[PDB]
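Trainee: Dropping a structure here in structure tokens format, bear with me for questions.
Read-outs: derived from the displayed coordinates by stated rules, not from any lab. Positions of Cβ are backbone-derived with ideal geometry, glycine not excepted, and every protein chain shown enters the neighbour counts.
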Amino acid sequence: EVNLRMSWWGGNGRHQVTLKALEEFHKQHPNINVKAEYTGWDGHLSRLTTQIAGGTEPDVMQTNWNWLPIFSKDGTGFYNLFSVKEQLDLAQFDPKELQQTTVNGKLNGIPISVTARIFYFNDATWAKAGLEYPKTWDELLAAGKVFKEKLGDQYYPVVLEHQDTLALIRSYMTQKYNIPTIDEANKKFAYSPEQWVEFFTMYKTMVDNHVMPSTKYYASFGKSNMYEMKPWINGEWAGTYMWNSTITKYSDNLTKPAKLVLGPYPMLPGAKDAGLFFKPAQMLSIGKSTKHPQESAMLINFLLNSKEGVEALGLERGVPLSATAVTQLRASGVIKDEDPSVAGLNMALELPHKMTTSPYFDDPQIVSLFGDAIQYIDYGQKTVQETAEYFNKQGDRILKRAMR
Ligand SMILES: O=C(O)[C@H]1O[C@H](O[C@@H]2[C@H](O)[C@@H](O)[C@@H](O[C@@H]3[C@H](O)[C@@H](O)[C@@H](O)O[C@@H]3C(=O)O)O[C@@H]2C(=O)O)[C@H](O)[C@@H](O)[C@H]1O
């Protein structure tokens, strides 16, 4: 008898397929039981952090790429998957993708899929507005006035949570200036004080121009998951800047026959880089101190490589990196080039994207600080100037703690 625990996050579609994969795995291995621990994204890292701090984390965990510095600065924070290569077919995964999940020579997770935030739009609402999807940053900014006037005050081209906004304005700044956002060598942000003023001024411009809800307006609804909010469901918030790897969590909640459709990616004339936040979407990792590394490795291999596991899991985590899995799903007609998640990935790959985001750009305290910052602007407690200086100062402080 081997008892394993596995955690993951996601929407209920992902919960469904994962649970069904676990029953097959157990059917194939009567001596191995897996206790499933799953939630939505909200608070998931917080809960795992508490487990790891106390040494009680699961045997198998779905993990995020920005968590590697948080838990595994020296690469020993998760079990070294090179040590279980007998059970786990590593050759299915591109070596450059494995490099992204390797730390000090130790393989900390198997990357499941890749992803980038891109624009997806509610086709029903945009048709009502009579507008085509923005092809430029100018058209995005201009869409807000059209939505507000043609459809009504409650209508917005997109909705953006603060993390989405942080990535979006970074993309714009990368297009303009072609420099990394984080200066990893000097453990600090790379932007001049002027560029930070520009960053927050763009936010203010977008809010003023009715592109997306302000934080104050968003709060007036304001606590469920974004994809479960009424103005999302009914099409009033007509788009999202979101991972292709989890786009059905969003599209599944729209009101038929509305669909989420892939939009253009705005590119500044003369930009050398799109400034995508492009990364491994998520990983499967093994607990550092698991008493069952081999059985844990068997479970990962089953989910990511086995015919039954791949079939069960389908596309709920995006387009598989595993060569056998992605071939299988194309062959079964599950992967369709016209599907917004697949099309979104293909568009992103063709965009010039040589700049790779630092994992510290997605440090959760940096992301939280950003939310506080824009809230200061929207609630009239700091000017754009004061907010920029505050973000630069407090962010550099967080980065120093994060990168120690
Ligand atoms: O495919 C995935 O599950 C995805 O998970 C991570 O992204 C999380 C979250 O799961 C995403 O839905 C998205 O979350 C939304 C907002 O962007 C976020 O700021 C927060 O408000 O919650 C929203 C939500 O719950 O849907 O973005 C999240 C994030 O980027 O942290 C991984 O990061 C991602 O790569 C992928 O595995």
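Trainee: Specify the inter-centroid distance of the range 1-30 and the range 163-228, based on alpha-carbon positions, in whole Å.
Mentor: Rounded to whole Å, the Cα centres lie 37 Å apart.
Trainee: Would you mind ranking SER7, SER289 by Cβ crowding within 10 Å, fewest neighbours first? Walk me through the numbers on the way to the answer.
Mentor: Numbers: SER7 21, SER289 12.
The fewest-first ordering by Cβ neighbours comes to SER289, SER7.
Trainee: Taking a cut-off of 12 Å between Cα atoms, list the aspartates and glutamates near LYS307, but don't count ones fewer than 8 places away on the same chain.
Mentor: Straight-line reach from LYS307, under 12 Å: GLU24.
Trainee: Let me ask something else about it. Sorted from fewest to most neighbouring beta carbons within 10 Å, what does the list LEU351, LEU299 look like?
Mentor: On the way: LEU351 17, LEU299 28.
In order of increasing Cβ crowding within 10 Å: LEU351, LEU299.
Trainee: If you build a Gaussian network model of the chain, linking Cα atoms that sit under 10 Å apart, which residue out of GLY54, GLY40, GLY239 swings the most?
Mentor: Greatest mean-square fluctuation among the candidates belongs to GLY54.
Trainee: Now for a different question. Distance between the C-alpha centers of the range 350-384 and the range 86-119? Whole Å please.
Mentor: First find each Cα centre; the distance between them is then 26 Å.
Trainee: If you average the sequence gap of Cα pairs under 8 Å that are 6 or more apart and divide by the length of the chain, what percent do you get for the contact order? Don't skip to the end; give the middle numbers.
Mentor: Values: 699 pairs, mean separation 110.2, N = 404.
Worked out over the chain, it gives 27 percent.
Trainee: Still on this model: Of all alpha-carbon pairs in the chain, indicate the percentage at a distance above 40 angstrom.
Mentor: Numbers: 13162 of 81406 pairs.
Roughly 16 percent, once rounded to a whole number.
Trainee: If you put +1 on each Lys and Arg Cβ and -1 on each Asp and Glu Cβ, how big is the dipole of the chain around its Cα centre, in Debye rounded to 20? Please report the intermediate quantities before stating the final value.
Mentor: On the way: 42 positive and 44 negative charges, 97 e Å.
It comes to approximately 460 debye.
Trainee: Okay, moving on. Please tell me the relative contact order of the range 288-377 in percent, rounded to the nearest whole number, where contacts are Cα pairs under 8 Å and at least six residues apart. Don't skip to the end; give the middle numbers.
Mentor: Details: 36 pairs, mean separation 13.9, N = 90.
Computed value for the range 288-377: 15 percent relative contact order.
Trainee: Still on this structure, I have one more. Among all the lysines, which ones have a C-alpha under 23 Å from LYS354's C-alpha, if same-chain residues fewer than 8 places away are not counted?
Mentor: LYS96, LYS135, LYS176, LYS187, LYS188, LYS272, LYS279
Trainee: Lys/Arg Cβ at +1, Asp/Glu Cβ at -1, dipole of the chain taken about the Cα centre: which of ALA129, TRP196, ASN186 is farthest positive-ward?
Mentor: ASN186
Trainee: Nearest 20 debye, what's the magnitude of the dipole of the range 172-312 about its Cα centre given +1 on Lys and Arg Cβ and -1 on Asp and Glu Cβ? Write down the numbers at each step before the final one.
Mentor: Numbers: 15 positive and 12 negative charges, 40 e Å.
With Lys and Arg at +1 and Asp and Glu at -1, about 200 debye.
Trainee: Please enumerate, by chain and number, the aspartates and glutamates with C-alpha under 16 Å from the C-alpha of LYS20, excluding those fewer than 8 residues away in the same chain.
Mentor: The qualifying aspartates and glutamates are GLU37, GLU308, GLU311, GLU316.
Trainee: Let me ask another. Take the alpha-carbon positions of the range 1-69, form their convex hull, and give its projected area averaged over all directions (one quarter of the hull surface) in nm².
Mentor: 5.1 nm²
Trainee: Would you compute, from DSSP H runs of 4+ residues alone, the mean residue ellipticity of the chain at 222 nm, taking -39500 (n - 2.57) per run and dividing by the full residue count, rounded to the nearest 500?
Mentor: On the way: 17 runs with 172 residues, N = 404.
So the calculated ellipticity at 222 nm is -12500 deg cm²/dmol.
Trainee: Kindly put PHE199, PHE78 in sequence by how many other C-beta atoms sit within 10 Å of each C-beta, fewest to most.
Mentor: If I rank by nearby Cβ atoms, fewest first, I get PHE199, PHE78.
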